[PDB]
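Values quoted throughout were computed directly from the atomic coordinates according to the rules given, and no laboratory measurement underlies them. Cβ: placed from backbone, ideal geometry, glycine included. Neighbour counts: every protein chain shown.
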Amino acid sequence: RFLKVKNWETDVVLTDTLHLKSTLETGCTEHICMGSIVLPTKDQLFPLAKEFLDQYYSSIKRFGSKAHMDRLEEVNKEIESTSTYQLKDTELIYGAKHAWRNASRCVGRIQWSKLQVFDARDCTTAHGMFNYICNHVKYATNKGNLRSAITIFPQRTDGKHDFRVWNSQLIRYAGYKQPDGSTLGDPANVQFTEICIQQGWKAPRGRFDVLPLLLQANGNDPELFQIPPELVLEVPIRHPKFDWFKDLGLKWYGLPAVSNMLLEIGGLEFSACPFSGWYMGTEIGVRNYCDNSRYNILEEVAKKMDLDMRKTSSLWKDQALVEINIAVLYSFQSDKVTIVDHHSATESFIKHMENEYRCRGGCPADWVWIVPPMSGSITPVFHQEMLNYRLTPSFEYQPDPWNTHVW
Amino acid sequence: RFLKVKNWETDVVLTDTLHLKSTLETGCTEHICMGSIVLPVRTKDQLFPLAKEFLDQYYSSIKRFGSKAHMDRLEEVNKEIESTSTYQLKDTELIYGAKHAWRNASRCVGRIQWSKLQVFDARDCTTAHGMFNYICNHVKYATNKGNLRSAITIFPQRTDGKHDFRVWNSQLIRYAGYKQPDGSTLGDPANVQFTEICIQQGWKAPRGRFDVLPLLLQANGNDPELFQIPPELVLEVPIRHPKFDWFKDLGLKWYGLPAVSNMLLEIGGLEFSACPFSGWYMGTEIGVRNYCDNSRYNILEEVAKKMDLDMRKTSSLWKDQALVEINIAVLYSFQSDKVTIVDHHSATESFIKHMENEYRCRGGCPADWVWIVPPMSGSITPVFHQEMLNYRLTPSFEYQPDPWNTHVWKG
Ligand code: HEM
Ligand code: HEM
Ligand SMILES: Cc1cc(N)nc(C[C@@H]2CNC[C@@H]2NCCNCCc2cccc(F)c2)c1
Ligand SMILES: Cc1cc(N)nc(C[C@@H]2CNC[C@@H]2NCCNCCc2cccc(F)c2)c1
Ligand SMILES: C[C@H](O)[C@H](O)[C@H]1CNc2nc(N)[nH]c(=O)c2N1
Ligand SMILES: C[C@H](O)[C@H](O)[C@H]1CNc2nc(N)[nH]c(=O)c2N1
Ligand SMILES: [Zn+2]
């Protein structure tokens with residue numbers, strides 16, 4: 001019931017009580033751990049609402065007060081006659097911040113309380129969505145000095161009137177299959193790119209073409225919009241020691257903005273809720289650039305470095321990997337675009353865990369995601385035991401909408 | 001039930017049916033995953049089912065399930081249990097058992113090799129001197145002048161839990177750790193506690209940075225006794241770097257034979273509390289963990305100093321650079337001296353092939369991702385992108401508490 005986590009580098013031991021307030025299911029059983037698997041009515045709504053409002057009033061130190069009780073009553077009245085309810089602005093802001101706070105896969109949660117919430121619940125059209133998104137992009141980007149934000153569109157109703165952003169991130173590059181047999185641009189985005197072209201996008205057929213947005217409002221068929229190019233801050237990638245690096249032709253965008261998730265607050269479901277913070281360097285340099293199924297540039301870089309690629313045991317992949325990541329961090333810094341390195345981010349996260357343990361009785365955390373994809377054990381999170389459990393409010397994965405939507 | 005795992009790099013999907021044979025528990029619940037927690041006297045009653053389960057597996061593996069020889073053995077074990085409260089394994093079953101514990105070790109990336117274990121039966125051993133001799137022979141055999149061979153030595157099983165055989169060293173070969181009055185550590189900080197016990201037992205400590213610890217061996221629940229492994233049997237590799245000539249002057253070396261001696265081997269409900277086993281190193285065990293953990297030799301700073309990396313900011317990735325160089329050095333030194341070692345690229349790649357084969361032939365392969373993924377360069381290895389299912393099969397290797405915590409001292 002009371003659980004301990006040990007840090008094996010420092011011997012520090014923390015006691016987790018927060019997991020008892022856990023609700024959703026992990027996918028693990030007593031017989032089998034699924035820790036590494038990427039994806040493991042009116043009567044339903046009111047307990048969810050109550051649970052949420054209870055934690056809200058408790059957080060503003062007004063638990064069991066006459067405003068608490070009054071609010072529980074009002075919401076129940078609204079559910080009874082309307083079959084849903086509307087959040088107060090204060091509750092929406094709290095819900096959003098807590099969904100980030102509870103994101104067990106997110107290393108960057110030391111920041112969770114600083115989130116700027118943009119209430120777009122008055123939005124009715126795809127055009128409205130595009131406006132709100134450009135405003136999000138410009139506010140968050142802040143000429144390179146990034147600020148975390150989320151923009152929240154209307155909640156699911158009967159689920160036939162869903163707001164969805166079809167893109168997985170507000171800003172991503174296109175991917176194209178070629179007669180050549182290989183892939184140009186980002187192979188992750190090949191399918192989406194074709195859906196764009198099929199909806200009518202004029203693709204420039206380049207390696208780094210910022211995708212158009214495909215916005216769906218009120219359950220209607222989605223529409224295409226190009227983000228104003230001057231709102232998309234991008235960084236050319238150079239190395240502080242290697243002159244030739246720049247000639248690889250590499251760039252990345254400054255704003256990571258996840259747009260395919262579902263925000264659940266008080267049992268209410270926000271299917272379009274793009275949020276953004278800023279990059280940890282490894283996301284770009286390790287995953288985006290070096291994953292086999294991504295830009296996959298390791299082979300080319302090692303070649304420019306004249307390393308011995310005859311034997312895996314020369315660690316040429318590893319040498320090149322480091323240099324790629326040095327260049328990402330360098331390029332972002334030189335251009336004054338907020339980025340954080342994996343040492344600095346994981347250290348801040350240990351500080352955040354300790355804060356959450358003393359202040360909240362725990363911090364749900366998924367070690368498989370929290371440990372950076374390079375140099376794992378030289379960052380402190382590697383040595384830190386973590387307990388993973390699902391708290392609400394939460395962000396949840398949701399399936400790509402093209403498998404769901406009917407035209 | 002059919003469980004599916006996906007590789008996110010190749011889109012290859014596998015189907016696990018073997019997790020259905022799993023009985024022991026994980027630490028996890030539908031409400032909490034303890035995937036990253038390091039640690040998440042038997043009855044006649046419980047024992048025959050465990051025996052039966054084991055002998056059913058064994059007899060199935062040999063294509064003799066339900067044979068007269070199968071039923072004979074079940075009856076003979078049944079009788080031996082009711083009569084004596086325990087039972088003895090046939091050599092054939094011991095070997096199979098020990099091979100399977102390795103096969104089932106979900107935290108081990110080296111399992112492609114599981115069927116080649118050399119098993120040394122040391123169940124006739126009665127004394128600590130007897131244990132020392134068995135261990136020397138294991139070391140010499142496993143070492144094989146650098147052409148390492150995997151081996152396990154199995155001492156007598158638990159009886160009443162008052163007469164346990166134990167190796168007190170966590171590995172057969174490890175370096176001493178000495179805590180100094182100024183709070184610094186000399187040698188390996190991981191072994192300070194054990195070193196102090198060896199000293200209290202009368203070991204005369206050389207007090208250098210790489211002093212091979214003596215063996216502390218407990219036979220038959222008796223107080224442990226100390227023994228020095230003959231030095232000529234302890235193969236070591238001085239670490240140097242192919243391009244950096246100053247690297248030798250750090251004065252690093254490491255031993256070639258990784259040999260885990262603190263685990264418990266369970267077969268058919270029997271418990272073997274002393275069962276040292278050994279294979280060969282994956283480079284990162286030494287170059288990443290042993291050298292670069294902050295609570296181990298911690299040489300990152302001193303290496304990056306000699307490399308003249310910019311150390312004023314973590315975002316230079318000075319630590320990541322120094323780490324790659326150290327790991328290059330480890331692999332280079334081992335290869336140069338013809339001591340078996342495997343890089344993390346080659347090891348994880350072989351593991352994926354092992355794992356896919358295990359799915360085809362066996363219906364699954366329990367695997368602990370947290371441990372399988374190497375401690376540097378995670379996602380440029382194929383295992384990072386591989387979904388894994390972790391569950392507990394027997395025969396098994398289990399962690400056990402250190403004996404100085406539990407031992408009744410006789411005097
Ligand atoms: C402020 C800087 C931030 C940093 C450095 C950061 C860092 C990260 C990293 C490295 C990951 C793993 C992502 C991956 O590898 O795909 C992640 C995941 C995640 N982050 Fe954060 N994040 C930040 C801001 C935010 C914000 C503002 C939110 C919500 C408002 C958020 C919510 C999430 C969620 C839900 C995940 C898991 C997403 C998934 O399952 O794909 N993050 N974050
Ligand atoms: C032959 C070459 C082998 C390689 C390259 C290899 C590699 C590894 C590595 C890298 C680990 C995790 C290491 C750590 O961080 O502590 C490990 C764990 C383990 N290995 Fe293997 N191994 C090999 C042979 C064996 C053998 C022969 C056995 C037993 C017969 C074995 C059983 C285990 C067990 C039980 C663990 C978990 C240990 C623990 O929980 O501390 N391995 N192996
Ligand atoms: C199948 C599936 C499930 C799931 N939960 N997720 C995915 C997206 C994948 C996961 N991993 C890479 C890719 N996600 C793309 C990068 N995600 C950035 C997260 C982030 C970083 C910094 C600031 C932020 F606001 C947000 C796919
Ligand atoms: C507390 C605790 C629990 C547990 N299960 N385990 C430990 C030993 C830890 C694991 N990680 C560092 C340290 N022990 C390192 C020794 N591991 C060598 C594994 C190996 C490699 C190659 C060939 C072999 F035969 C065996 C501690
Ligand atoms: C199979 C495995 O769960 C998968 O590759 C995970 C591992 N850890 C990860 N960690 C992060 N931060 N992001 C990822 O996309 C993944 N992928
Ligand atoms: C907390 C965490 O589970 C712990 O540090 C683990 C992580 N993964 C590991 N993986 C290996 N192979 N060996 C280890 O000692 C550890 N330590
Ligand atoms: Zn689990």
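Could you please tell me the mean projected area of the C-alpha convex hull for the stretch B:364-411, averaged over all directions and given in square nanometres to one decimal?
With every direction weighted equally, the projected area is 5.9 nm².
At 20 °C and 1.002 mPa s, grab the translational diffusion coefficient of the stretch B:136-260 from Stokes-Einstein with a Kirkwood Rh over Cα pairs, rounded to a whole number in µm² per second.
For these conditions, the coefficient is 132 µm²/s.
For the stretch B:90-157, report the translational diffusion coefficient in µm²/s to the nearest whole number, using Stokes-Einstein at 20 °C, 1.002 mPa s, and a Kirkwood Rh over Cα pairs.
166
Would you please give the residues with an amide H less than 5 Å from that of A:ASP16, counting only those at least 5 places away or on a separate chain, with H modeled from the backbone geometry?
Those lying under 5 Å, H to H, from A:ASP16 are A:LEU3, A:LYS4, A:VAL5.
Which order do B:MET34, B:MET311, B:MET376 fall in if you start with the one that has the fewest other Cβ atoms within 10 Å?
Lowest count first: B:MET311, B:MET34, B:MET376.
Once phi is turned into θ = phi - 60°, what whole-Hz ³J(HN,Hα) does the Karplus curve with 6.51, -1.76 and 1.60 give for every residue of the stretch B:381-387, x standing for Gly and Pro?
Working through the residues one at a time gives 10, x, 5, 3, 8, 9, 5 Hz.
Any chance you could tell me what percent of the C-alpha pair distances in the stretch B:3-52 go past 16 Å?
69
Over the whole of A:385-394, what's the average partner chain Cβ count within 10 Å per residue? Rounded to a whole number, please.
Per residue, the number of nearby Cβ atoms from other chains is 3 on average.
Distance check, please: which entries in A:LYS246/B:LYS243; A:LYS114/A:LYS177; B:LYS79/B:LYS99 exceed 31 angstrom between their Cα atoms?
A:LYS114/A:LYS177
What Kirkwood radius, in Å to one decimal, follows from the Cα pairs of the stretch B:1-140?
18.8
Please list, or write none, the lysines whose alpha carbon is within less than 20 Å of the alpha carbon of B:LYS410, excluding same-chain residues fewer than 8 places away.
Cα-Cα hits under 20 Å: B:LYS162.
Please give me the summed charge of the neighbours of A:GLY159: other residues whose Cβ is under 14 Å from its Cβ, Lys and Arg +1, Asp and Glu -1.
Computed value for this residue: -1.
Looking at chain A only, what percent of DSSP beta bridges run antiparallel? Nearest 5 please.
80
For the stretch B:224-303 and the stretch A:275-317, what is the separation of their Cα centres, given in Å?
Computed from Cα coordinates, the inter-centre distance equals 30 Å.
What is the ratio of the Cα radius of gyration of the stretch A:213-293 to 2.2 N^0.38 Å, with N the residue count, to two decimals?
1.48
Please state, to two decimals, what the Cα-based radius of gyration of the protein assembly as shown comes to when divided by 2.2 N^0.38 Å (N = residues).
The value comes to 1.04.
As an exercise, find the ratio Rg/Rh for the stretch A:223-364 from alpha-carbon atoms, using the Kirkwood inverse-distance average for Rh.
Value, to two decimals: 1.06.
Per residue and in cubic angstrom, what volume does the convex hull of the Cα atoms of the stretch B:62-204 have?
180
Under a cut-off of 18 Å between alpha-carbon atoms, report the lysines in cross-link reach of B:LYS204, not counting same-chain residues fewer than 8 places apart.
B:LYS179
Restricting to DSSP H runs of at least four residues, report the calculated mean residue ellipticity at 222 nm for the protein assembly as shown, -39500 (n - 2.57) per run over all residues, nearest 500 deg cm²/dmol.
Mean residue ellipticity at 222 nm (helix-derived): -9500 deg cm²/dmol.
Can you tell me the dipole magnitude for the protein assembly as shown around its Cα centre, using point charges on the Cβ only (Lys, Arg +1; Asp, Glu -1), in Debye to the nearest 20?
Taking the Cα centre of the protein assembly as shown as origin, the dipole is about 720 debye.
What is the pair-distance distribution P(r) of the stretch A:286-405, computed from all Cα-Cα distances in 5 Å bins starting at 0, with each bin given as a whole percent?
2, 9, 14, 15, 16, 15, 13, 9, 5, 2, 0
Before anything else, pin down the relative contact order of the stretch A:147-202: Cα pairs under 8 Å, at least 6 apart, normalised by residue count, whole percent.
21
Which whole-Hz couplings ³J(HN,Hα) result when phi for each residue of the stretch A:64-81 is put into the Karplus expression 6.51 cos²θ - 1.76 cosθ + 1.60, θ = phi - 60°, listed in order with x for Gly and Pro?
So the J values, rounded to whole Hz, are x, 7, 6, 4, 4, 3, 4, 5, 4, 4, 4, 5, 5, 4, 6, 4, 4, 8.
Between A:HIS239 and residues 5 or more places away or on another chain, which pairs have amide H atoms under 5 Å apart, with H built 1.01 Å from N, and which residues are they?
Residues meeting the criterion, in which the H sits 1.01 Å from N, are A:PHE245, A:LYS246.
For chain A, list log₁₀ I(q)/I(0) at each q in 0.06, 0.07, 0.12 Å⁻¹, using the Debye formula over Cα point scatterers of equal strength and ignoring solvent, two decimals each.
With no solvent term, the Cα-only Debye profile gives -0.27, -0.37, -1.08.
Place +1 on the Cβ of every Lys and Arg and -1 on the Cβ of every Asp and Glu in chain B, take the dipole about the Cα centre, and give the residue among B:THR185, B:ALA205, B:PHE120 whose Cα lies farthest towards its positive end.
Value computed over the given set: B:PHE120.
Average the reciprocal distances over every distinct pair of alpha-carbons in the stretch B:262-327, invert the result, and give the Kirkwood radius in Å.
14.4
Less than 19 Å apart at the alpha-carbon level, and either on another chain or at least 8 residues along: which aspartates and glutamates does that give for B:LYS338?
Of all the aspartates and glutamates, those that pass the test against B:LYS338 - Cα under 19 Å, at least 8 places apart if same chain - are B:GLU232, B:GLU236, B:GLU285.
Once every Cα of the stretch A:309-378 carries one equal point scatterer and solvent is ignored, give the base-10 log of I(q)/I(0) from the Debye formula at q = 0.15, 0.18, 0.24 Å⁻¹, two decimals.
Taken in order of the listed q values, log10 I(q)/I(0) reads -0.69, -0.86, -1.09.
For the stretch A:328-341, just list the computed ³J(HN,Hα) in residue order, Karplus coefficients 6.51, -1.76 and 1.60, θ = phi - 60°, integers in Hz, with x standing in for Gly and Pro.
Once rounded to whole Hz, the list reads 4, 5, 4, 4, 4, 4, 5, 8, 6, 10, 3, 8, 10, 7.
What's the local net charge at B:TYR178, with K and R +1, D and E -1, over the other residues with C-beta under 11 Å away?
Summing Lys/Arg as +1 and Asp/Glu as -1 gives 0.
Given A:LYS336/B:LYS305; A:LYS138/A:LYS304; A:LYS311/A:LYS351; A:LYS336/B:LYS248, which pairs have Cα atoms separated by over 31 Å?
A:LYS138/A:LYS304; A:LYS311/A:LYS351; A:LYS336/B:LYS248
Using the count of nearby Cβ atoms within 10 Å as a rough guide to exposure, how do B:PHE2, A:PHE242, B:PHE247 rank from fewest to most?
B:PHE2, A:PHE242, B:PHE247
In debye, nearest 20: dipole of the stretch A:296-407 around its Cα centre with unit charges on the Cβ of K, R (+) and D, E (-)?
100
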